[PDB]
$ cat work.json   # JSON, N, CA and C atoms
[["chain", "number", "residue", "atom", "x", "y", "z"],
["T", 1, "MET", "N", -3.20, 5.80, -18.20],
["T", 1, "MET", "CA", -2.26, 6.88, -18.61],
["T", 1, "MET", "C", -1.02, 6.89, -17.69],
["T", 2, "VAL", "N", -1.15, 6.42, -16.46],
["T", 2, "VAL", "CA", 0.04, 6.41, -15.55],
["T", 2, "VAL", "C", -0.27, 5.66, -14.24],
["T", 3, "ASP", "N", 0.56, 5.83, -13.24],
["T", 3, "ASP", "CA", 0.34, 5.14, -11.93],
["T", 3, "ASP", "C", 0.34, 3.62, -12.10],
["T", 4, "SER", "N", -0.71, 3.07, -12.65],
["T", 4, "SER", "CA", -0.77, 1.59, -12.86],
["T", 4, "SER", "C", -1.00, 0.84, -11.54],
["T", 5, "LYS", "N", -1.34, 1.54, -10.49],
["T", 5, "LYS", "CA", -1.59, 0.83, -9.20],
["T", 5, "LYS", "C", -3.05, 0.40, -9.13],
["T", 6, "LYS", "N", -3.62, 0.03, -10.25],
["T", 6, "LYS", "CA", -5.05, -0.41, -10.26],
["T", 6, "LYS", "C", -5.28, -1.50, -9.22],
["T", 7, "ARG", "N", -4.65, -2.62, -9.41],
["T", 7, "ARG", "CA", -4.83, -3.74, -8.45],
["T", 7, "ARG", "C", -6.34, -3.93, -8.24],
["T", 8, "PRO", "N", -6.76, -4.48, -7.12],
["T", 8, "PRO", "CA", -8.22, -4.67, -6.92],
["T", 8, "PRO", "C", -8.88, -3.32, -6.61],
["T", 9, "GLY", "N", -8.75, -2.37, -7.51],
["T", 9, "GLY", "CA", -9.36, -1.03, -7.29],
["T", 9, "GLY", "C", -10.88, -1.19, -7.14],
["T", 10, "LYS", "N", -11.50, -1.86, -8.07],
["T", 10, "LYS", "CA", -12.98, -2.06, -7.97],
["T", 10, "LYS", "C", -13.34, -2.45, -6.54],
["T", 11, "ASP", "N", -12.41, -3.03, -5.85],
["T", 11, "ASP", "CA", -12.65, -3.43, -4.44],
["T", 11, "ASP", "C", -11.36, -3.23, -3.64],
["T", 12, "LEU", "N", -11.00, -2.00, -3.39],
["T", 12, "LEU", "CA", -9.75, -1.71, -2.64],
["T", 12, "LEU", "C", -10.02, -0.72, -1.51],
["T", 13, "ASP", "N", -9.53, -1.00, -0.33],
["T", 13, "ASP", "CA", -9.76, -0.06, 0.80],
["T", 13, "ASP", "C", -8.95, 1.21, 0.61],
["T", 14, "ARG", "N", -9.53, 2.33, 0.94],
["T", 14, "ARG", "CA", -8.81, 3.61, 0.75],
["T", 14, "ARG", "C", -7.38, 3.51, 1.29],
["T", 15, "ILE", "N", -7.17, 2.73, 2.31],
["T", 15, "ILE", "CA", -5.80, 2.60, 2.89],
["T", 15, "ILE", "C", -4.86, 1.85, 1.94],
["T", 16, "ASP", "N", -5.33, 0.86, 1.26],
["T", 16, "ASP", "CA", -4.43, 0.10, 0.35],
["T", 16, "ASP", "C", -4.12, 0.89, -0.92],
["T", 17, "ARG", "N", -5.12, 1.34, -1.63],
["T", 17, "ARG", "CA", -4.84, 2.09, -2.89],
["T", 17, "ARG", "C", -3.96, 3.30, -2.62],
["T", 18, "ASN", "N", -4.28, 4.06, -1.63],
["T", 18, "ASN", "CA", -3.44, 5.25, -1.32],
["T", 18, "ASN", "C", -2.06, 4.77, -0.88],
["T", 19, "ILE", "N", -2.00, 3.64, -0.23],
["T", 19, "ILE", "CA", -0.69, 3.11, 0.20],
["T", 19, "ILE", "C", 0.09, 2.67, -1.05],
["T", 20, "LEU", "N", -0.59, 2.10, -2.01],
["T", 20, "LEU", "CA", 0.11, 1.67, -3.25],
["T", 20, "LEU", "C", 0.58, 2.93, -3.99],
["T", 21, "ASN", "N", -0.24, 3.95, -3.99],
["T", 21, "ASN", "CA", 0.14, 5.22, -4.67],
["T", 21, "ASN", "C", 1.33, 5.83, -3.94],
["T", 22, "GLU", "N", 1.42, 5.61, -2.66],
["T", 22, "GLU", "CA", 2.56, 6.15, -1.88],
["T", 22, "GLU", "C", 3.78, 5.26, -2.09],
["T", 23, "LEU", "N", 3.58, 3.99, -2.26],
["T", 23, "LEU", "CA", 4.73, 3.09, -2.48],
["T", 23, "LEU", "C", 5.32, 3.38, -3.86],
["T", 24, "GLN", "N", 4.48, 3.59, -4.84],
["T", 24, "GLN", "CA", 4.99, 3.91, -6.20],
["T", 24, "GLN", "C", 5.71, 5.26, -6.15],
["T", 25, "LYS", "N", 5.20, 6.19, -5.39],
["T", 25, "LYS", "CA", 5.88, 7.51, -5.27],
["T", 25, "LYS", "C", 7.06, 7.35, -4.33],
["T", 26, "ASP", "N", 7.02, 6.35, -3.51],
["T", 26, "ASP", "CA", 8.15, 6.12, -2.58],
["T", 26, "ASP", "C", 8.42, 4.62, -2.45],
["T", 27, "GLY", "N", 9.28, 4.09, -3.28],
["T", 27, "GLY", "CA", 9.57, 2.63, -3.22],
["T", 27, "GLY", "C", 10.60, 2.33, -2.12],
["T", 28, "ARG", "N", 10.85, 3.27, -1.25],
["T", 28, "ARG", "CA", 11.83, 3.03, -0.16],
["T", 28, "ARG", "C", 11.23, 3.41, 1.19],
["T", 29, "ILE", "N", 9.93, 3.31, 1.31],
["T", 29, "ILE", "CA", 9.27, 3.65, 2.61],
["T", 29, "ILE", "C", 8.84, 2.39, 3.33],
["T", 30, "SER", "N", 9.05, 2.35, 4.61],
["T", 30, "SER", "CA", 8.67, 1.14, 5.38],
["T", 30, "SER", "C", 7.15, 1.14, 5.64],
["T", 31, "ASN", "N", 6.73, 1.07, 6.88],
["T", 31, "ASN", "CA", 5.27, 1.07, 7.19],
["T", 31, "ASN", "C", 4.93, 2.23, 8.12],
["T", 32, "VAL", "N", 5.71, 2.46, 9.14],
["T", 32, "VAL", "CA", 5.40, 3.60, 10.05],
["T", 32, "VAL", "C", 5.07, 4.82, 9.21],
["T", 33, "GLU", "N", 5.95, 5.20, 8.33],
["T", 33, "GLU", "CA", 5.65, 6.35, 7.44],
["T", 33, "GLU", "C", 4.46, 5.94, 6.57],
["T", 34, "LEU", "N", 4.54, 4.76, 6.01],
["T", 34, "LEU", "CA", 3.42, 4.26, 5.17],
["T", 34, "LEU", "C", 2.10, 4.34, 5.95],
["T", 35, "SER", "N", 2.20, 4.43, 7.25],
["T", 35, "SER", "CA", 0.98, 4.51, 8.10],
["T", 35, "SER", "C", 0.52, 5.96, 8.26],
["T", 36, "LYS", "N", 1.44, 6.89, 8.24],
["T", 36, "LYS", "CA", 1.07, 8.33, 8.43],
["T", 36, "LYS", "C", 0.69, 9.02, 7.11],
["T", 37, "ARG", "N", 1.27, 8.63, 6.00],
["T", 37, "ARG", "CA", 0.92, 9.31, 4.72],
["T", 37, "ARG", "C", -0.50, 8.99, 4.30],
["T", 38, "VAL", "N", -1.05, 7.96, 4.86],
["T", 38, "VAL", "CA", -2.45, 7.59, 4.51],
["T", 38, "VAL", "C", -3.40, 7.98, 5.64],
["T", 39, "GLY", "N", -2.85, 8.34, 6.76],
["T", 39, "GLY", "CA", -3.70, 8.77, 7.91],
["T", 39, "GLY", "C", -4.13, 7.58, 8.77],
["T", 40, "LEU", "N", -3.26, 6.64, 9.01],
["T", 40, "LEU", "CA", -3.65, 5.48, 9.87],
["T", 40, "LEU", "C", -2.47, 4.99, 10.68],
["T", 41, "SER", "N", -2.71, 4.09, 11.59],
["T", 41, "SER", "CA", -1.59, 3.53, 12.37],
["T", 41, "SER", "C", -0.87, 2.55, 11.49],
["T", 42, "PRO", "N", 0.33, 2.29, 11.84],
["T", 42, "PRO", "CA", 1.13, 1.38, 11.04],
["T", 42, "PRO", "C", 0.74, -0.07, 11.29],
["T", 43, "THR", "N", 0.57, -0.46, 12.53],
["T", 43, "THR", "CA", 0.17, -1.87, 12.81],
["T", 43, "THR", "C", -0.86, -2.33, 11.77],
["T", 44, "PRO", "N", -1.90, -1.54, 11.63],
["T", 44, "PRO", "CA", -2.95, -1.84, 10.63],
["T", 44, "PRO", "C", -2.49, -1.40, 9.24],
["T", 45, "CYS", "N", -1.80, -0.28, 9.12],
["T", 45, "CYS", "CA", -1.33, 0.15, 7.77],
["T", 45, "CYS", "C", -0.80, -1.08, 7.06],
["T", 46, "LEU", "N", 0.00, -1.83, 7.75],
["T", 46, "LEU", "CA", 0.53, -3.08, 7.17],
["T", 46, "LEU", "C", -0.66, -3.97, 6.89],
["T", 47, "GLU", "N", -1.50, -4.18, 7.86],
["T", 47, "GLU", "CA", -2.70, -5.03, 7.62],
["T", 47, "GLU", "C", -3.32, -4.61, 6.28],
["T", 48, "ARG", "N", -3.29, -3.33, 6.01],
["T", 48, "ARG", "CA", -3.83, -2.81, 4.72],
["T", 48, "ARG", "C", -2.86, -3.18, 3.59],
["T", 49, "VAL", "N", -1.59, -2.95, 3.82],
["T", 49, "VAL", "CA", -0.57, -3.29, 2.79],
["T", 49, "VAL", "C", -0.51, -4.80, 2.59],
["T", 50, "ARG", "N", -0.63, -5.55, 3.65],
["T", 50, "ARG", "CA", -0.59, -7.03, 3.54],
["T", 50, "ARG", "C", -1.68, -7.46, 2.58],
["T", 51, "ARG", "N", -2.84, -6.91, 2.74],
["T", 51, "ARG", "CA", -3.94, -7.23, 1.80],
["T", 51, "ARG", "C", -3.42, -6.97, 0.38],
["T", 52, "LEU", "N", -2.67, -5.92, 0.22],
["T", 52, "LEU", "CA", -2.09, -5.62, -1.12],
["T", 52, "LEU", "C", -0.97, -6.61, -1.43],
["T", 53, "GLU", "N", -0.44, -7.23, -0.42],
["T", 53, "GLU", "CA", 0.65, -8.22, -0.63],
["T", 53, "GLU", "C", 0.07, -9.52, -1.19],
["T", 54, "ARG", "N", -0.93, -10.05, -0.55],
["T", 54, "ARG", "CA", -1.55, -11.32, -1.02],
["T", 54, "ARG", "C", -1.94, -11.20, -2.50],
["T", 55, "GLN", "N", -2.27, -10.02, -2.95],
["T", 55, "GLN", "CA", -2.65, -9.85, -4.38],
["T", 55, "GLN", "C", -1.39, -9.68, -5.23],
["T", 56, "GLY", "N", -0.24, -9.92, -4.66],
["T", 56, "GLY", "CA", 1.03, -9.78, -5.44],
["T", 56, "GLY", "C", 1.23, -8.32, -5.85],
["T", 57, "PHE", "N", 1.09, -7.40, -4.93],
["T", 57, "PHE", "CA", 1.29, -5.97, -5.28],
["T", 57, "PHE", "C", 2.26, -5.31, -4.30],
["T", 58, "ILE", "N", 2.87, -6.09, -3.45],
["T", 58, "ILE", "CA", 3.84, -5.52, -2.47],
["T", 58, "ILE", "C", 5.08, -6.41, -2.42],
["T", 59, "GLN", "N", 5.52, -6.88, -3.56],
["T", 59, "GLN", "CA", 6.74, -7.73, -3.61],
["T", 59, "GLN", "C", 7.96, -6.84, -3.86],
["T", 60, "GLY", "N", 7.72, -5.58, -4.10],
["T", 60, "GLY", "CA", 8.83, -4.62, -4.35],
["T", 60, "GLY", "C", 8.55, -3.34, -3.57],
["T", 61, "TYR", "N", 7.32, -2.91, -3.55],
["T", 61, "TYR", "CA", 6.96, -1.68, -2.79],
["T", 61, "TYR", "C", 7.36, -1.84, -1.33],
["T", 62, "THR", "N", 6.42, -1.94, -0.43],
["T", 62, "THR", "CA", 6.81, -2.11, 0.99],
["T", 62, "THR", "C", 6.96, -3.58, 1.31],
["T", 63, "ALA", "N", 7.17, -4.38, 0.30],
["T", 63, "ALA", "CA", 7.35, -5.84, 0.53],
["T", 63, "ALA", "C", 8.19, -6.04, 1.79],
["T", 64, "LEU", "N", 9.07, -5.10, 2.04],
["T", 64, "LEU", "CA", 9.96, -5.16, 3.25],
["T", 64, "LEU", "C", 9.13, -5.30, 4.52],
["T", 65, "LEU", "N", 7.98, -4.73, 4.51],
["T", 65, "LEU", "CA", 7.09, -4.78, 5.70],
["T", 65, "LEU", "C", 7.11, -6.17, 6.35],
["T", 66, "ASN", "N", 7.43, -7.17, 5.59],
["T", 66, "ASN", "CA", 7.47, -8.55, 6.15],
["T", 66, "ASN", "C", 8.71, -8.72, 7.04]]

$ encode --input "work.json" --output "structure tokens"
Amino acid sequence: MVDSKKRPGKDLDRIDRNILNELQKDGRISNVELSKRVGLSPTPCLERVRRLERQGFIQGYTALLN
């Protein structure tokens, strides 16, 4: 019905799915913030987002994280 951030939901860490939901709600957020909206540090927040990157789900969202 909306969102569309399914990605590997059947197997997605709470940090990645919530991070994808935050990227869709905010396609202009880096990682530091991307680290606090999910309740984690950014160093790893990226580690979480990177996992979402390898699956081709962060080429526009926080793709900048690279």

$ axis_aligned_box --input "work.json" --around "stretch 9-15 of chain T" --padding-each-side "3 Å" --output "AutoDock Vina command-line options"
--center_x -9.1 --center_y 0.1 --center_z -2.6 --size_x 14.5 --size_y 13.0 --size_z 17.0

$ closest_residue --input "work.json" --among "T:41, T:62, T:4, T:55" --to "residue T:28" --atoms "all atoms listed in the file"
T:62

$ residues_around --input "work.json" --residues "stretch 21-25 of chain T" --least-positions-apart "2" --cutoff "8 Å" --atoms "all atoms listed in the file" --output "PDB file with N, CA and C atoms, keeping the file's coordinate frame"
ATOM      1  N   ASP T   3       0.560   5.830 -13.240  1.00  0.00           N
ATOM      2  CA  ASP T   3       0.340   5.140 -11.930  1.00  0.00           C
ATOM      3  C   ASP T   3       0.340   3.620 -12.100  1.00  0.00           C
ATOM      4  N   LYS T   5      -1.340   1.540 -10.490  1.00  0.00           N
ATOM      5  CA  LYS T   5      -1.590   0.830  -9.200  1.00  0.00           C
ATOM      6  C   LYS T   5      -3.050   0.400  -9.130  1.00  0.00           C
ATOM      7  N   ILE T  15      -7.170   2.730   2.310  1.00  0.00           N
ATOM      8  CA  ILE T  15      -5.800   2.600   2.890  1.00  0.00           C
ATOM      9  C   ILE T  15      -4.860   1.850   1.940  1.00  0.00           C
ATOM     10  N   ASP T  16      -5.330   0.860   1.260  1.00  0.00           N
ATOM     11  CA  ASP T  16      -4.430   0.100   0.350  1.00  0.00           C
ATOM     12  C   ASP T  16      -4.120   0.890  -0.920  1.00  0.00           C
ATOM     13  N   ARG T  17      -5.120   1.340  -1.630  1.00  0.00           N
ATOM     14  CA  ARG T  17      -4.840   2.090  -2.890  1.00  0.00           C
ATOM     15  C   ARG T  17      -3.960   3.300  -2.620  1.00  0.00           C
ATOM     16  N   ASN T  18      -4.280   4.060  -1.630  1.00  0.00           N
ATOM     17  CA  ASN T  18      -3.440   5.250  -1.320  1.00  0.00           C
ATOM     18  C   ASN T  18      -2.060   4.770  -0.880  1.00  0.00           C
ATOM     19  N   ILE T  19      -2.000   3.640  -0.230  1.00  0.00           N
ATOM     20  CA  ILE T  19      -0.690   3.110   0.200  1.00  0.00           C
ATOM     21  C   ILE T  19       0.090   2.670  -1.050  1.00  0.00           C
ATOM     22  N   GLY T  27       9.280   4.090  -3.280  1.00  0.00           N
ATOM     23  CA  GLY T  27       9.570   2.630  -3.220  1.00  0.00           C
ATOM     24  C   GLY T  27      10.600   2.330  -2.120  1.00  0.00           C
ATOM     25  N   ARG T  28      10.850   3.270  -1.250  1.00  0.00           N
ATOM     26  CA  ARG T  28      11.830   3.030  -0.160  1.00  0.00           C
ATOM     27  C   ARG T  28      11.230   3.410   1.190  1.00  0.00           C
ATOM     28  N   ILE T  29       9.930   3.310   1.310  1.00  0.00           N
ATOM     29  CA  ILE T  29       9.270   3.650   2.610  1.00  0.00           C
ATOM     30  C   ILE T  29       8.840   2.390   3.330  1.00  0.00           C
ATOM     31  N   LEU T  34       4.540   4.760   6.010  1.00  0.00           N
ATOM     32  CA  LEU T  34       3.420   4.260   5.170  1.00  0.00           C
ATOM     33  C   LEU T  34       2.100   4.340   5.950  1.00  0.00           C
ATOM     34  N   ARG T  37       1.270   8.630   6.000  1.00  0.00           N
ATOM     35  CA  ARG T  37       0.920   9.310   4.720  1.00  0.00           C
ATOM     36  C   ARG T  37      -0.500   8.990   4.300  1.00  0.00           C
ATOM     37  N   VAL T  38      -1.050   7.960   4.860  1.00  0.00           N
ATOM     38  CA  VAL T  38      -2.450   7.590   4.510  1.00  0.00           C
ATOM     39  C   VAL T  38      -3.400   7.980   5.640  1.00  0.00           C
ATOM     40  N   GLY T  60       7.720  -5.580  -4.100  1.00  0.00           N
ATOM     41  CA  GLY T  60       8.830  -4.620  -4.350  1.00  0.00           C
ATOM     42  C   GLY T  60       8.550  -3.340  -3.570  1.00  0.00           C
ATOM     43  N   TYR T  61       7.320  -2.910  -3.550  1.00  0.00           N
ATOM     44  CA  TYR T  61       6.960  -1.680  -2.790  1.00  0.00           C
ATOM     45  C   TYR T  61       7.360  -1.840  -1.330  1.00  0.00           C
ATOM     46  N   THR T  62       6.420  -1.940  -0.430  1.00  0.00           N
ATOM     47  CA  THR T  62       6.810  -2.110   0.990  1.00  0.00           C
ATOM     48  C   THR T  62       6.960  -3.580   1.310  1.00  0.00           C
TER      49      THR T  62
END

$ closest_residue --input "work.json" --among "T:52, T:65, T:40, T:46" --to "residue T:6" --atoms "only C-alpha atoms"
T:52

$ atom_distance --input "work.json" --atom1 "atom CA of residue T:64" --atom2 "atom C of residue T:36"
17.4 Å

$ select_by_dssp --input "work.json" --residues "chain T" --states "helix (DSSP H, G or I)" --output "count of residues only"
37

$ atom_distance --input "work.json" --atom1 "atom CA of residue T:43" --atom2 "atom CA of residue T:31"
8.1 Å

$ closest_residue --input "work.json" --among "T:30, T:7, T:35, T:45" --to "residue T:63" --atoms "only N, CA and C atoms"
T:30

$ build_atoms --input "work.json" --residues "stretch 37-62 of chain T" --atoms "N, CA, C and O atoms" --output "PDB file, in the frame of the given file"
ATOM      1  N   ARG T  37       1.270   8.630   6.000  1.00  0.00           N
ATOM      2  CA  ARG T  37       0.920   9.310   4.720  1.00  0.00           C
ATOM      3  C   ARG T  37      -0.500   8.990   4.300  1.00  0.00           C
ATOM      4  O   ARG T  37      -1.101   9.666   3.495  1.00  0.00           O
ATOM      5  N   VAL T  38      -1.050   7.960   4.860  1.00  0.00           N
ATOM      6  CA  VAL T  38      -2.450   7.590   4.510  1.00  0.00           C
ATOM      7  C   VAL T  38      -3.400   7.980   5.640  1.00  0.00           C
ATOM      8  O   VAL T  38      -4.600   8.002   5.483  1.00  0.00           O
ATOM      9  N   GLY T  39      -2.850   8.340   6.760  1.00  0.00           N
ATOM     10  CA  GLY T  39      -3.700   8.770   7.910  1.00  0.00           C
ATOM     11  C   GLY T  39      -4.130   7.580   8.770  1.00  0.00           C
ATOM     12  O   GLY T  39      -5.251   7.532   9.241  1.00  0.00           O
ATOM     13  N   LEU T  40      -3.260   6.640   9.010  1.00  0.00           N
ATOM     14  CA  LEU T  40      -3.650   5.480   9.870  1.00  0.00           C
ATOM     15  C   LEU T  40      -2.470   4.990  10.680  1.00  0.00           C
ATOM     16  O   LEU T  40      -1.338   5.382  10.462  1.00  0.00           O
ATOM     17  N   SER T  41      -2.710   4.090  11.590  1.00  0.00           N
ATOM     18  CA  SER T  41      -1.590   3.530  12.370  1.00  0.00           C
ATOM     19  C   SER T  41      -0.870   2.550  11.490  1.00  0.00           C
ATOM     20  O   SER T  41      -1.414   2.083  10.513  1.00  0.00           O
ATOM     21  N   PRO T  42       0.330   2.290  11.840  1.00  0.00           N
ATOM     22  CA  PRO T  42       1.130   1.380  11.040  1.00  0.00           C
ATOM     23  C   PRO T  42       0.740  -0.070  11.290  1.00  0.00           C
ATOM     24  O   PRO T  42       0.585  -0.837  10.362  1.00  0.00           O
ATOM     25  N   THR T  43       0.570  -0.460  12.530  1.00  0.00           N
ATOM     26  CA  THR T  43       0.170  -1.870  12.810  1.00  0.00           C
ATOM     27  C   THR T  43      -0.860  -2.330  11.770  1.00  0.00           C
ATOM     28  O   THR T  43      -0.680  -3.330  11.107  1.00  0.00           O
ATOM     29  N   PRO T  44      -1.900  -1.540  11.630  1.00  0.00           N
ATOM     30  CA  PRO T  44      -2.950  -1.840  10.630  1.00  0.00           C
ATOM     31  C   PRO T  44      -2.490  -1.400   9.240  1.00  0.00           C
ATOM     32  O   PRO T  44      -2.749  -2.071   8.261  1.00  0.00           O
ATOM     33  N   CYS T  45      -1.800  -0.280   9.120  1.00  0.00           N
ATOM     34  CA  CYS T  45      -1.330   0.150   7.770  1.00  0.00           C
ATOM     35  C   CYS T  45      -0.800  -1.080   7.060  1.00  0.00           C
ATOM     36  O   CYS T  45      -1.137  -1.374   5.927  1.00  0.00           O
ATOM     37  N   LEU T  46       0.000  -1.830   7.750  1.00  0.00           N
ATOM     38  CA  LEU T  46       0.530  -3.080   7.170  1.00  0.00           C
ATOM     39  C   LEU T  46      -0.660  -3.970   6.890  1.00  0.00           C
ATOM     40  O   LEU T  46      -0.836  -4.442   5.796  1.00  0.00           O
ATOM     41  N   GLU T  47      -1.500  -4.180   7.860  1.00  0.00           N
ATOM     42  CA  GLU T  47      -2.700  -5.030   7.620  1.00  0.00           C
ATOM     43  C   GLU T  47      -3.320  -4.610   6.280  1.00  0.00           C
ATOM     44  O   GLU T  47      -3.778  -5.416   5.499  1.00  0.00           O
ATOM     45  N   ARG T  48      -3.290  -3.330   6.010  1.00  0.00           N
ATOM     46  CA  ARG T  48      -3.830  -2.810   4.720  1.00  0.00           C
ATOM     47  C   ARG T  48      -2.860  -3.180   3.590  1.00  0.00           C
ATOM     48  O   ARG T  48      -3.237  -3.670   2.547  1.00  0.00           O
ATOM     49  N   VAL T  49      -1.590  -2.950   3.820  1.00  0.00           N
ATOM     50  CA  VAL T  49      -0.570  -3.290   2.790  1.00  0.00           C
ATOM     51  C   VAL T  49      -0.510  -4.800   2.590  1.00  0.00           C
ATOM     52  O   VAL T  49      -0.370  -5.294   1.486  1.00  0.00           O
ATOM     53  N   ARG T  50      -0.630  -5.550   3.650  1.00  0.00           N
ATOM     54  CA  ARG T  50      -0.590  -7.030   3.540  1.00  0.00           C
ATOM     55  C   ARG T  50      -1.680  -7.460   2.580  1.00  0.00           C
ATOM     56  O   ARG T  50      -1.463  -8.244   1.674  1.00  0.00           O
ATOM     57  N   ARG T  51      -2.840  -6.910   2.740  1.00  0.00           N
ATOM     58  CA  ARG T  51      -3.940  -7.230   1.800  1.00  0.00           C
ATOM     59  C   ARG T  51      -3.420  -6.970   0.380  1.00  0.00           C
ATOM     60  O   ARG T  51      -3.679  -7.728  -0.534  1.00  0.00           O
ATOM     61  N   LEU T  52      -2.670  -5.920   0.220  1.00  0.00           N
ATOM     62  CA  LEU T  52      -2.090  -5.620  -1.120  1.00  0.00           C
ATOM     63  C   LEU T  52      -0.970  -6.610  -1.430  1.00  0.00           C
ATOM     64  O   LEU T  52      -0.600  -6.813  -2.569  1.00  0.00           O
ATOM     65  N   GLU T  53      -0.440  -7.230  -0.420  1.00  0.00           N
ATOM     66  CA  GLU T  53       0.650  -8.220  -0.630  1.00  0.00           C
ATOM     67  C   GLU T  53       0.070  -9.520  -1.190  1.00  0.00           C
ATOM     68  O   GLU T  53       0.534 -10.047  -2.186  1.00  0.00           O
ATOM     69  N   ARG T  54      -0.930 -10.050  -0.550  1.00  0.00           N
ATOM     70  CA  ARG T  54      -1.550 -11.320  -1.020  1.00  0.00           C
ATOM     71  C   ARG T  54      -1.940 -11.200  -2.500  1.00  0.00           C
ATOM     72  O   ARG T  54      -1.941 -12.171  -3.229  1.00  0.00           O
ATOM     73  N   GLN T  55      -2.270 -10.020  -2.950  1.00  0.00           N
ATOM     74  CA  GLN T  55      -2.650  -9.850  -4.380  1.00  0.00           C
ATOM     75  C   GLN T  55      -1.390  -9.680  -5.230  1.00  0.00           C
ATOM     76  O   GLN T  55      -1.456  -9.328  -6.396  1.00  0.00           O
ATOM     77  N   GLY T  56      -0.240  -9.920  -4.660  1.00  0.00           N
ATOM     78  CA  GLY T  56       1.030  -9.780  -5.440  1.00  0.00           C
ATOM     79  C   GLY T  56       1.230  -8.320  -5.850  1.00  0.00           C
ATOM     80  O   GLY T  56       1.521  -8.027  -6.991  1.00  0.00           O
ATOM     81  N   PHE T  57       1.090  -7.400  -4.930  1.00  0.00           N
ATOM     82  CA  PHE T  57       1.290  -5.970  -5.280  1.00  0.00           C
ATOM     83  C   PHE T  57       2.260  -5.310  -4.300  1.00  0.00           C
ATOM     84  O   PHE T  57       2.470  -4.111  -4.323  1.00  0.00           O
ATOM     85  N   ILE T  58       2.870  -6.090  -3.450  1.00  0.00           N
ATOM     86  CA  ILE T  58       3.840  -5.520  -2.470  1.00  0.00           C
ATOM     87  C   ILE T  58       5.080  -6.410  -2.420  1.00  0.00           C
ATOM     88  O   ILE T  58       5.650  -6.649  -1.370  1.00  0.00           O
ATOM     89  N   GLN T  59       5.520  -6.880  -3.560  1.00  0.00           N
ATOM     90  CA  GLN T  59       6.740  -7.730  -3.610  1.00  0.00           C
ATOM     91  C   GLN T  59       7.960  -6.840  -3.860  1.00  0.00           C
ATOM     92  O   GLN T  59       9.087  -7.279  -3.835  1.00  0.00           O
ATOM     93  N   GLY T  60       7.720  -5.580  -4.100  1.00  0.00           N
ATOM     94  CA  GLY T  60       8.830  -4.620  -4.350  1.00  0.00           C
ATOM     95  C   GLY T  60       8.550  -3.340  -3.570  1.00  0.00           C
ATOM     96  O   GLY T  60       9.437  -2.748  -2.978  1.00  0.00           O
ATOM     97  N   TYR T  61       7.320  -2.910  -3.550  1.00  0.00           N
ATOM     98  CA  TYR T  61       6.960  -1.680  -2.790  1.00  0.00           C
ATOM     99  C   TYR T  61       7.360  -1.840  -1.330  1.00  0.00           C
ATOM    100  O   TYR T  61       8.528  -1.887  -1.005  1.00  0.00           O
ATOM    101  N   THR T  62       6.420  -1.940  -0.430  1.00  0.00           N
ATOM    102  CA  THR T  62       6.810  -2.110   0.990  1.00  0.00           C
ATOM    103  C   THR T  62       6.960  -3.580   1.310  1.00  0.00           C
ATOM    104  O   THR T  62       6.894  -3.993   2.450  1.00  0.00           O
TER     105      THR T  62
END
